[PDB]
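First comes the structure, then the notes that go with it.
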Amino acid sequence: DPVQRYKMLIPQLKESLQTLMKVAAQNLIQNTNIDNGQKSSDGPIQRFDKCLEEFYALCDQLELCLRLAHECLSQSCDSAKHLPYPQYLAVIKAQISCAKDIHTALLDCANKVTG
Amino acid sequence: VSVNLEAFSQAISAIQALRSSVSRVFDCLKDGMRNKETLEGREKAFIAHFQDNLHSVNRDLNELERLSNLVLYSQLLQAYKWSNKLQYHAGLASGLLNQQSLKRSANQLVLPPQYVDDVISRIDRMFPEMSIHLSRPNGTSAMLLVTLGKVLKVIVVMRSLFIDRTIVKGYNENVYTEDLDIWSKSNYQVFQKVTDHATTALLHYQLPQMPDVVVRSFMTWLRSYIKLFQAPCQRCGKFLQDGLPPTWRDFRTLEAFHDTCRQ
Amino acid sequence: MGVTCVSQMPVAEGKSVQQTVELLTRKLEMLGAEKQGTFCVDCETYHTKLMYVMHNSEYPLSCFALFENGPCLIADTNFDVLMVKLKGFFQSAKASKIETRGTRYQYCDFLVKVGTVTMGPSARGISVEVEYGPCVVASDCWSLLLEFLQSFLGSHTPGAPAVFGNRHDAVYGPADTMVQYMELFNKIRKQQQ
Amino acid sequence: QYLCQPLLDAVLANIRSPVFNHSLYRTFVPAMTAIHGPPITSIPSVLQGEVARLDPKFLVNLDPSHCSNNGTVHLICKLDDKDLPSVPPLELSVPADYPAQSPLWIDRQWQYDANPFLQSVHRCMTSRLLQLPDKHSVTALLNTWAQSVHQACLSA
Amino acid sequence: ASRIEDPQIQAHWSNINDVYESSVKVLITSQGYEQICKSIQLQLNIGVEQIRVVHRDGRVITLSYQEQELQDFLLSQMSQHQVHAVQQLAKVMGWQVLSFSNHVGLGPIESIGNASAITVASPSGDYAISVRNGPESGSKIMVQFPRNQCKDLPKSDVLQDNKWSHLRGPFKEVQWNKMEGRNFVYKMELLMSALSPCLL
Amino acid sequence: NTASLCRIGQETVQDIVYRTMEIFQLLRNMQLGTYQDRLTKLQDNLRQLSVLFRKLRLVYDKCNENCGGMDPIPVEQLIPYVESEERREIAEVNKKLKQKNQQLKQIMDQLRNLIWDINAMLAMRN
Amino acid sequence: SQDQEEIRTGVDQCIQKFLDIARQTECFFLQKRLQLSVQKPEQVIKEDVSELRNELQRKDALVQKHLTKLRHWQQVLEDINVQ
Amino acid sequence: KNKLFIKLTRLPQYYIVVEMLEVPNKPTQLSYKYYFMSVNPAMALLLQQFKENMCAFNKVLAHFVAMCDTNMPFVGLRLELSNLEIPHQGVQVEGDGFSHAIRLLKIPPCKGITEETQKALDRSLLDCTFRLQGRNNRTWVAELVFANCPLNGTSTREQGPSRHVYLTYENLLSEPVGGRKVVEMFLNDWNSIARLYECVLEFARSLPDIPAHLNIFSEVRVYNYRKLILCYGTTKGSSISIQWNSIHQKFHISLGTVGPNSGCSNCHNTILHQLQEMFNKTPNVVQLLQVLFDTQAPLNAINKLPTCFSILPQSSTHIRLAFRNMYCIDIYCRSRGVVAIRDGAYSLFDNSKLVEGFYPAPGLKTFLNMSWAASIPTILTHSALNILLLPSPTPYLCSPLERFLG
Amino acid sequence: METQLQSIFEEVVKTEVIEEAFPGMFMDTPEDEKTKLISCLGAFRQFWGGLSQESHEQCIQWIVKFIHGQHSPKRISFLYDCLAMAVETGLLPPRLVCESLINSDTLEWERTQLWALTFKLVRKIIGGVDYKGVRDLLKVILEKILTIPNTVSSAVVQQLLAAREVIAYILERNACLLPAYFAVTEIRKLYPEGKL
Ligand SMILES: [Zn+2]
């Protein structure tokens, strides 16, 4: 699903870049002509601003999908790294808490000795 | 798997690069040409910068397409993150601080044989290619026969949990297998040079207090002599200088060098 | 047992059989190589299938009997005496004996031997063997033998031998050197011209 | 090339238009500033260094006797060491643009003559200048002068 | 060990020997700085007719039964350990090494052993030290005082600015005799502390 | 007196960095009985480290407040360039230690000879 | 307090600063030692006296331990060798 | 025919030839002649006699061998310096007798650097002494000594106007000691030093006129001529580092936390890429200090959210937050301590929903925390942002904002 | 043939590479100026006596472009001493040397040491030219002096003034290198009436 979505958006991102480049070229040519001798048709034109925001929207959607997948994969690998299941989670949280007590003790002592 | 994690992390940067590169193309165009002191120079500078910006957008888009192919409860995650952080931080700190030690003097052995046996067994557990045979023919001083593939047969002479003498021999050669041939030569010049380099490594790997990491590093450096007669010299490129294979491996850098070609 | 390679080097041009060895051996001496004695390899044949018995001088007491693809027996010299005693019972063949006699040159742990398979009374050809006593492992010590050969042999350097055959951690054997010698000998006997 | 080309074509059309920026500016100002938001929140030095980094044997100074403070620098330096102080001036004319036109020593044979040691030092130092590589430096001339004096001390 | 006392000497004979072989472990440290001054160590192999030396830098030397050869070799090794001591001390006191040559070729042609060479700079810029020890002529140390500090250097009119008056200049020599401490390393750190920033 | 207090201050500042290095190594080896031992070791290290701070501070105060009469000469004016009963006690102690060192050298020579003779015999017996 | 590059550069900076200031305090101590040795050549002599006496005491203790071990092994060997 | 060929292993292709000759008057003595040979089927190139001023050491032989081994590596470096049009003095004996050094006079000025900065650099480079050290004699060190340092640091670097930087180069085992890569890397480091001197000169010129908040907010700490470590924060805890990577030809900033009061990170690691690009487009450090001072306060609040909430880093001062995937919100930081929040998924143009969609219904919650009218922004104080984002118990310790979206 | 002269003159003034490492330890005084000049003059005499008349001048153009291609002024003055003794001994006709020296386009006034040494050598060797050659040399020297600006640097003025002594030597009436009417005819052809 996260890999699948990344695949789905990539063709769209290429399409959005193509339109944004083409629309920019049409707008610049019309603006130069208006200034220049050439008088160009009013036409549909299509606004450059709308395309540039669309490209940014697709970029955010892709980054959000990848960031979630990376966070989910990192959490899974860490979970694997660390008889009944309730006692299992109990001893894990107990180890986690005793490490935190050691942390707090070292911190408070090293901060009370000086500074 | 870890390879998937890296591909996702690389991809996240590639999306950020594509967005930044597209913004750069438009942002630079808005500023437009600059005076540049010359007509030719100003035209060239604008074209060169625009083309570099346009190419960067293409390169960044291509990477994203290629990267697609490759790929009470919160406190627990907080503890996991802090454990990883402390591990990395303390590792880096210990490395940086033991690399540069300000200790200048000491003034301001007896060891259990079973402890040495346990250390040797732990070292033999790793490095599956190497096989170490413990034996005590003469006193508590241990003598280790270390077989490295069909390549080497090293004779380490422990006096304690300490390395004192090493004489490597060939695989086809006879260590006499019995009362151990401590005093002999390999009859081949290459293995004699390897004995010299092993004594040099012993004199190099000398930790003051801890007697285990020294043996660990010695065994790791010996294990590098498994690509002998196979990996050429990293200075001259050939296999043979005066009919010798490269018999030297840099400490801190397990590479290959003829001893005439130094470190 | 140290990895070895044997190849035949053609005399070329109008260089006489002996003239070429004289030159090749001087080229080996020009490697800083020092002579370490003399080597004689004398082989006899039997038309039984086909039997081969060869004995390198490097090995003082062994006599090797090789049965083509079949196993090689490394036996003591009394083996030749048993062979002679059987002789009336045994087949004999007709003057197929082949010998290569040449100087041995040592270059820092590599022994190079260049010799002229003199057939019977008339020399024809040349056999080069480079052996590495330190290299117990074989089939991947090929890079070494190849580099050393390109150093002195240059052209006509062999692209390995099949005695290495299938990639394996199997140690090189005195039997393997003898099989190389047997293929080389079959080629001199039949190269003709 | 791919996917960008018309933009490239467009700007390659419209260079050398004087109004050019206006047009770019107009069509690219609002969207960007809407999306990203508001905008942003005497003597050359090489000779001086060469002098500062000499060996304390030499005591180089300027030359106000002939050309002074003009550009190329004439120098009478010295020889002060355990060696010999024969003819300390060795007038050296370092031309402008120092990393070229290697400086030339203005010869003065009037003082180096009427004395065997001085004739020998002159001969050997001249030969040493002949063997010196092209584009030599001032330190090179000073060192070859010193070593030529030393050769005259030992060879004689 | 009895005659030469300045740097150090040590020997740890092996436990098991043979009838045609033996081995020692020679170390040349300093009197006070044992930790940092651990750059030169030897492992002699006393054969039936030859003594084989394996240095820590990967150098194997076959000596003779002639005592003079071994004595000269050990003297040269002590001379080299003397400069290695200064190097390891500069590494610890944070002094920046400017140059280090194990076998220098500039100077007087020396005895049995080739001379050594080191030059370090003070952490706070201006000051710097240089050391040249050899088997025959050794302990030639000279400090590099900064300019505008000696007040005896002849000034020049070409120097018209005060920025050039900060470079390390007159190269004054120091007498290693009539000094404090009891070891080359003791005297070297006392000299380093003397050329340190006065935090008293 | 003061010259020895200065050496004490030197050894304290040379040892505090080693103590911090040992503390770093202990925090590194602490991966998640043995936890109690690691904790009490870290606490003892911290206490001894604070004691070392106090010692170096007090010796600093001592050497700073001492400032004996003989210090008018600033640094760099002391390095020598080119251009009673205490000595008798020193000589007596030197002669004593020389005699003791000669005796200890004789003892070491005898021990080395003994070890070499035992090793040679036990090697040739085989 | 209450990825890899951050901790990397942080430990670099703090460790290098700690090393520099430690080497500076060592330099200050060495300067004080040099001054006290050059201008008060009597406390250093007392230090040498104390060090030599401590060395002599350590040597005496070592030789005593060696003599005890030697007497033990002498008795052990005298016990054996018998028939 | 009685000669010895002593090859130099460190510097190859150089061979000393020591020939022995019989002396006529003494039938029990020998004479030695030393020649310097060189090789390119070995082909000799040039040959030159060199024979001018216990008995088995032959002192002059070892002396000549050591002299050759020490001097010959400098010849290749001199040739390489001459081949790249770098004016350099010849190999000179240093003042401490024994040595060799190649003191450069002028460097090739630069590429891509303004003329006035080139002048400021060329008038500050006092010496560029190169020296050789290291085992096997293949390490080079160049000591550059600059004068008139623009700005000092908190460390003990406020001494006399002479800053000494040591640049070390160790070529590979092959590619002999005298080669092109050493001087190439040296020129690359010089170019990076110049491109950094640009920014340090700009900052030194802008130091007298400061908006008077960044002066107390930020402080310079070290200046090693290849790195700029500025430190900012209320307690001077956070640190930013400026450096020019010649491999990528772009400025590389590295952020860290050095100070005994801070969070778990520099708190700016979520905007590192946009800050990289920002400094790459316009190399000005005062703008960096300003944007950091403006964006630190909202970042301290937006970093403590539970990680549900996802932080999408958009362009600078435009950090995006998204509860789950359905909801979104835009953070527009501005000067004078104000943040404008938006509806998120809403579009700044024709009223259509984005790919995420799911228009956030309430909207007016942001108004009380002071139809489609969530799309227009709503400014705050950074203190109302602290209240809106720091987890308070409920009027489990959740935020106000996540209670709203929940 | 120009390859032959190339090998000759390049082998004259080669520089030693391996010197300045182990300085002055090589057992050999490099040929001082006199022996080097005699050897150079001998080798060039071999090539010159071998050479044909029609080929007499293109080699001289190569010699002067090789001298003007140099950079060290000691090298230039050594080869100019070689050319001076090659003219003085009678080997070279003393008109081709002067013409190819001045008409060489590398001789510009910015090469001030080359300017000074060149016009010093022409002052040495101009006394043997016949008078028509002295007239053409006068014309080309005046046209060379005419390219200097109105203002030049204050250090280069004395080395620039070396052409003035050649001009003063030609227009000197007691030396009588040429009839003075020819001199004023060339001058008034170059500075007509009304021109300073
Ligand atoms: Zn090699």
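A note on labels: chains of the structure tokens are A, B, ... as shown, every chain counts residues from 1, and ligands are counted from 1 in their shown order.
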
Could you pull out the strand (DSSP E) residues of chain C, going by DSSP on the backbone, and write them as JSON, numbers by chain? {"C": [4, 5, 6, 7, 8, 34, 35, 36, 37, 38, 39, 40, 41, 42, 43, 44, 45, 46, 51, 52, 53, 54, 55, 56, 63, 64, 65, 66, 67, 70, 71, 72, 73, 74, 75, 98, 99, 100, 101, 102, 103, 104, 105, 106, 107, 110, 111, 112, 113, 114, 115, 116, 117, 118, 119, 122, 123, 127, 128, 129, 130, 131, 132]}

Which neighbours of residue 23 in chain A fall inside 7 Å, counting only C-alpha atoms, when residues of the same chain fewer than 3 positions from it are skipped, and could you give them as a list in words?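 That gives residues 19, 20, 26, 27, 46 and 48 of chain A.
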
Would you pick out the contacts of residue 72 in chain B at 12 Å or less, using only C-alpha atoms, so that residues sharing its chain but fewer than 2 positions from it are not included, and give the list as number ranges by chain? A: 89-90, 92-94, 96-97; B: 74-79; H: 396

Could you write those residues out with N, CA, C and O atoms, as a PDB file, in the first residue's frame?
ATOM      1  N   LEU A  89       5.389  -8.206  28.076  1.00  0.00           N
ATOM      2  CA  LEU A  89       5.380  -6.750  28.022  1.00  0.00           C
ATOM      3  C   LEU A  89       5.684  -6.147  29.390  1.00  0.00           C
ATOM      4  O   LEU A  89       6.274  -5.063  29.486  1.00  0.00           O
ATOM      5  N   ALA A  90       5.323  -6.854  30.463  1.00  0.00           N
ATOM      6  CA  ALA A  90       5.626  -6.374  31.808  1.00  0.00           C
ATOM      7  C   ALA A  90       7.126  -6.327  32.059  1.00  0.00           C
ATOM      8  O   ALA A  90       7.654  -5.335  32.568  1.00  0.00           O
ATOM      9  N   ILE A  92       9.468  -6.270  29.783  1.00  0.00           N
ATOM     10  CA  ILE A  92      10.042  -5.256  28.896  1.00  0.00           C
ATOM     11  C   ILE A  92       9.901  -3.865  29.502  1.00  0.00           C
ATOM     12  O   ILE A  92      10.869  -3.097  29.560  1.00  0.00           O
ATOM     13  N   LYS A  93       8.693  -3.509  29.953  1.00  0.00           N
ATOM     14  CA  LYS A  93       8.496  -2.188  30.538  1.00  0.00           C
ATOM     15  C   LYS A  93       9.285  -2.037  31.832  1.00  0.00           C
ATOM     16  O   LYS A  93       9.738  -0.937  32.164  1.00  0.00           O
ATOM     17  N   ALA A  94       9.496  -3.138  32.560  1.00  0.00           N
ATOM     18  CA  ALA A  94      10.289  -3.080  33.782  1.00  0.00           C
ATOM     19  C   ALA A  94      11.749  -2.790  33.468  1.00  0.00           C
ATOM     20  O   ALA A  94      12.392  -1.969  34.142  1.00  0.00           O
ATOM     21  N   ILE A  96      12.794  -1.295  30.814  1.00  0.00           N
ATOM     22  CA  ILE A  96      12.729   0.080  30.235  1.00  0.00           C
ATOM     23  C   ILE A  96      12.718   1.103  31.374  1.00  0.00           C
ATOM     24  O   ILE A  96      13.417   2.129  31.247  1.00  0.00           O
ATOM     25  N   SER A  97      11.983   0.821  32.449  1.00  0.00           N
ATOM     26  CA  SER A  97      11.840   1.724  33.587  1.00  0.00           C
ATOM     27  C   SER A  97      13.094   1.736  34.446  1.00  0.00           C
ATOM     28  O   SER A  97      13.506   2.792  34.933  1.00  0.00           O
TER      29      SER A  97
ATOM     30  N   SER B  74       3.405   4.491  24.823  1.00  0.00           N
ATOM     31  CA  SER B  74       4.353   5.432  24.235  1.00  0.00           C
ATOM     32  C   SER B  74       5.626   5.529  25.064  1.00  0.00           C
ATOM     33  O   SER B  74       6.703   5.823  24.535  1.00  0.00           O
ATOM     34  N   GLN B  75       5.515   5.293  26.379  1.00  0.00           N
ATOM     35  CA  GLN B  75       6.696   5.302  27.237  1.00  0.00           C
ATOM     36  C   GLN B  75       7.667   4.197  26.837  1.00  0.00           C
ATOM     37  O   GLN B  75       8.888   4.361  26.948  1.00  0.00           O
ATOM     38  N   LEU B  76       7.144   3.069  26.353  1.00  0.00           N
ATOM     39  CA  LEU B  76       8.003   1.984  25.892  1.00  0.00           C
ATOM     40  C   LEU B  76       8.819   2.410  24.675  1.00  0.00           C
ATOM     41  O   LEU B  76      10.033   2.159  24.608  1.00  0.00           O
ATOM     42  N   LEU B  77       8.176   3.062  23.703  1.00  0.00           N
ATOM     43  CA  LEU B  77       8.899   3.547  22.533  1.00  0.00           C
ATOM     44  C   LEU B  77       9.895   4.633  22.915  1.00  0.00           C
ATOM     45  O   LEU B  77      10.995   4.710  22.350  1.00  0.00           O
ATOM     46  N   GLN B  78       9.529   5.489  23.873  1.00  0.00           N
ATOM     47  CA  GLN B  78      10.465   6.500  24.360  1.00  0.00           C
ATOM     48  C   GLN B  78      11.693   5.851  24.987  1.00  0.00           C
ATOM     49  O   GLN B  78      12.825   6.305  24.770  1.00  0.00           O
ATOM     50  N   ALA B  79      11.488   4.789  25.772  1.00  0.00           N
ATOM     51  CA  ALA B  79      12.615   4.080  26.372  1.00  0.00           C
ATOM     52  C   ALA B  79      13.491   3.428  25.310  1.00  0.00           C
ATOM     53  O   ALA B  79      14.719   3.457  25.414  1.00  0.00           O
TER      54      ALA B  79
ATOM     55  N   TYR H 396      -4.577  12.001  30.806  1.00  0.00           N
ATOM     56  CA  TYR H 396      -3.907  11.377  29.677  1.00  0.00           C
ATOM     57  C   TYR H 396      -2.872  12.321  29.083  1.00  0.00           C
ATOM     58  O   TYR H 396      -1.962  11.882  28.383  1.00  0.00           O
TER      59      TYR H 396
END

Throw together the list of residues within 7 Å of ligand 1, counting only C-alpha atoms and all ligand atoms, and drop it here as a ChimeraX atom specification. /B:233-238,241,246,257-258,260-261

Using the chain letters and numbers from this document, which residues of chain A does DSSP assign to helix (DSSP H, G or I), as a PyMOL selection string? chain A and resi 2-35+48-81+85-113

Which residues of chain E have any atom within 12 Å of an atom in chain I when counting only C-alpha atoms, and what is the closest pair of atoms for each, with the distance in Å to one decimal? Order the rows by chain and rising number and write it as a Markdown table.
| residue | atom | partner | partner_atom | distance |
| --- | --- | --- | --- | --- |
| E:104 | CA | I:22 | CA | 11.8 |
| E:105 | CA | I:22 | CA | 8.6 |
| E:106 | CA | I:22 | CA | 8.5 |
| E:107 | CA | I:22 | CA | 11.2 |

Limited to N, CA and C atoms, could you put the picked residues into a file as an mmCIF file, in the first residue's frame?
data_model
loop_
_atom_site.group_PDB
_atom_site.id
_atom_site.type_symbol
_atom_site.label_atom_id
_atom_site.label_comp_id
_atom_site.auth_asym_id
_atom_site.auth_seq_id
_atom_site.Cartn_x
_atom_site.Cartn_y
_atom_site.Cartn_z
ATOM 1 N N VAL E 104 67.038 11.669 9.375
ATOM 2 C CA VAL E 104 67.303 12.941 8.713
ATOM 3 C C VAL E 104 68.647 12.865 8.001
ATOM 4 N N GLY E 105 68.763 13.579 6.882
ATOM 5 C CA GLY E 105 69.990 13.618 6.111
ATOM 6 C C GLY E 105 70.674 14.962 6.038
ATOM 7 N N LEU E 106 70.206 15.961 6.781
ATOM 8 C CA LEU E 106 70.783 17.303 6.764
ATOM 9 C C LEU E 106 71.506 17.538 8.080
ATOM 10 N N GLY E 107 72.770 17.937 7.990
ATOM 11 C CA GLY E 107 73.574 18.181 9.160
ATOM 12 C C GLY E 107 74.907 17.467 9.074
#

At most 8 Å to chain B: residues in chain H, only C-alpha atoms, as a PyMOL selection string: chain H and resi 9-10+136+173-174+273-274+277

One decimal, in Å: what's the spacing between CA of residue 55 in chain G and CA of residue 97 in chain F?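 Distance reported for this atom pair: 9.0 Å.
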
Got a sec to pull out which chain E residues are within 6 Å of chain F, counting only C-alpha atoms, and send them as a short mmCIF file (atom, residue, chain, number, x, y, z; two decimals) with N, CA and C atoms, in the first residue's frame?
data_model
loop_
_atom_site.label_atom_id
_atom_site.label_comp_id
_atom_site.auth_asym_id
_atom_site.auth_seq_id
_atom_site.Cartn_x
_atom_site.Cartn_y
_atom_site.Cartn_z
N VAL E 19 67.32 -25.01 23.21
CA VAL E 19 68.76 -25.23 23.28
C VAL E 19 69.48 -24.47 22.17
N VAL E 174 68.69 26.39 23.21
CA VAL E 174 68.59 26.17 24.65
C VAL E 174 69.62 25.12 25.05
N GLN E 175 70.30 25.35 26.17
CA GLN E 175 71.28 24.41 26.70
C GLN E 175 70.54 23.30 27.44
#

Would you kindly report the residues of chain C within 12 Å of chain H, using only C-alpha atoms, as a PyMOL selection string? chain C and resi 30-31+151

Kindly export the residues of the current selection with N, CA, C and O atoms, as a PDB file, in the first residue's frame.
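Below is the file that was written, result-v6.pdb:
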ATOM      1  N   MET C  30      67.898 -14.772 -15.728  1.00  0.00           N
ATOM      2  CA  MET C  30      67.748 -13.294 -15.707  1.00  0.00           C
ATOM      3  C   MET C  30      66.510 -12.916 -14.894  1.00  0.00           C
ATOM      4  O   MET C  30      65.887 -11.894 -15.204  1.00  0.00           O
ATOM      5  N   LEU C  31      66.081 -13.771 -13.969  1.00  0.00           N
ATOM      6  CA  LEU C  31      64.988 -13.357 -13.049  1.00  0.00           C
ATOM      7  C   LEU C  31      65.604 -13.321 -11.654  1.00  0.00           C
ATOM      8  O   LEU C  31      64.873 -13.045 -10.699  1.00  0.00           O
ATOM      9  N   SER C 151      55.103 -12.943 -16.586  1.00  0.00           N
ATOM     10  CA  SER C 151      56.431 -12.308 -16.354  1.00  0.00           C
ATOM     11  C   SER C 151      57.500 -12.942 -17.256  1.00  0.00           C
ATOM     12  O   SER C 151      58.126 -12.190 -18.027  1.00  0.00           O
TER      13      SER C 151
END

Could you list, as a list in words, the residues of chain E having an atom within 10 Å of chain G when counting only C-alpha atoms?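 Listed by rising number, the hits are residues 92, 93, 94, 95, 123, 179, 180, 181, 186, 187, 189, 190, 191, 192, 193, 194, 195, 196, 197, 198, 199 and 200 of chain E.
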
Per residue of chain D within 12 Å of chain A, record the nearest atom pair and its distance in Å to one decimal, counting only C-alpha atoms, with rows in chain order and ascending residue number, as JSON lines.
{"residue": "D:1", "atom": "CA", "partner": "A:21", "partner_atom": "CA", "distance": 11.7}
{"residue": "D:2", "atom": "CA", "partner": "A:18", "partner_atom": "CA", "distance": 9.1}
{"residue": "D:3", "atom": "CA", "partner": "A:18", "partner_atom": "CA", "distance": 5.4}
{"residue": "D:4", "atom": "CA", "partner": "A:21", "partner_atom": "CA", "distance": 5.9}
{"residue": "D:5", "atom": "CA", "partner": "A:21", "partner_atom": "CA", "distance": 8.2}
{"residue": "D:6", "atom": "CA", "partner": "A:25", "partner_atom": "CA", "distance": 5.9}
{"residue": "D:7", "atom": "CA", "partner": "A:25", "partner_atom": "CA", "distance": 4.7}
{"residue": "D:8", "atom": "CA", "partner": "A:25", "partner_atom": "CA", "distance": 8.2}
{"residue": "D:9", "atom": "CA", "partner": "A:25", "partner_atom": "CA", "distance": 8.0}
{"residue": "D:10", "atom": "CA", "partner": "A:25", "partner_atom": "CA", "distance": 5.6}
{"residue": "D:11", "atom": "CA", "partner": "A:25", "partner_atom": "CA", "distance": 8.1}
{"residue": "D:12", "atom": "CA", "partner": "A:25", "partner_atom": "CA", "distance": 10.8}
{"residue": "D:13", "atom": "CA", "partner": "A:29", "partner_atom": "CA", "distance": 8.7}
{"residue": "D:14", "atom": "CA", "partner": "A:32", "partner_atom": "CA", "distance": 7.4}
{"residue": "D:15", "atom": "CA", "partner": "A:32", "partner_atom": "CA", "distance": 10.4}
{"residue": "D:16", "atom": "CA", "partner": "A:32", "partner_atom": "CA", "distance": 11.6}
{"residue": "D:17", "atom": "CA", "partner": "A:36", "partner_atom": "CA", "distance": 8.5}
{"residue": "D:18", "atom": "CA", "partner": "A:36", "partner_atom": "CA", "distance": 9.9}
{"residue": "D:19", "atom": "CA", "partner": "A:35", "partner_atom": "CA", "distance": 7.2}
{"residue": "D:20", "atom": "CA", "partner": "A:32", "partner_atom": "CA", "distance": 6.9}
{"residue": "D:21", "atom": "CA", "partner": "A:32", "partner_atom": "CA", "distance": 9.3}
{"residue": "D:22", "atom": "CA", "partner": "A:32", "partner_atom": "CA", "distance": 8.4}
{"residue": "D:23", "atom": "CA", "partner": "A:31", "partner_atom": "CA", "distance": 5.4}
{"residue": "D:24", "atom": "CA", "partner": "A:28", "partner_atom": "CA", "distance": 6.3}
{"residue": "D:25", "atom": "CA", "partner": "A:28", "partner_atom": "CA", "distance": 9.5}
{"residue": "D:26", "atom": "CA", "partner": "A:31", "partner_atom": "CA", "distance": 8.0}
{"residue": "D:27", "atom": "CA", "partner": "A:28", "partner_atom": "CA", "distance": 6.7}
{"residue": "D:28", "atom": "CA", "partner": "A:48", "partner_atom": "CA", "distance": 8.0}
{"residue": "D:29", "atom": "CA", "partner": "A:49", "partner_atom": "CA", "distance": 9.6}
{"residue": "D:30", "atom": "CA", "partner": "A:49", "partner_atom": "CA", "distance": 7.7}
{"residue": "D:31", "atom": "CA", "partner": "A:49", "partner_atom": "CA", "distance": 4.7}
{"residue": "D:32", "atom": "CA", "partner": "A:49", "partner_atom": "CA", "distance": 7.7}
{"residue": "D:33", "atom": "CA", "partner": "A:49", "partner_atom": "CA", "distance": 10.2}
{"residue": "D:34", "atom": "CA", "partner": "A:49", "partner_atom": "CA", "distance": 8.8}
{"residue": "D:35", "atom": "CA", "partner": "A:53", "partner_atom": "CA", "distance": 7.3}
{"residue": "D:36", "atom": "CA", "partner": "A:53", "partner_atom": "CA", "distance": 10.2}

What are the residues of chain F that have an atom within 9 Å of an atom of chain B, counting only C-alpha atoms, as a PyMOL selection string? chain F and resi 8+11+14-15+17-18+20-32+126

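Put simply, CA of residue 139 in chain H is 6.0 Å away from CA of residue 169 in chain H.
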
Find the spatial neighbours of residue 63 in chain I, counting only C-alpha atoms, within a cut-off of 9 Å - ignore same-chain residues fewer than 6 positions away - and output them as number ranges by chain. I: 5-6, 9

Give me, please, the distance in Å between CA of residue 93 in chain I and CA of residue 1 in chain I, quoted to one decimal. 20.1 Å
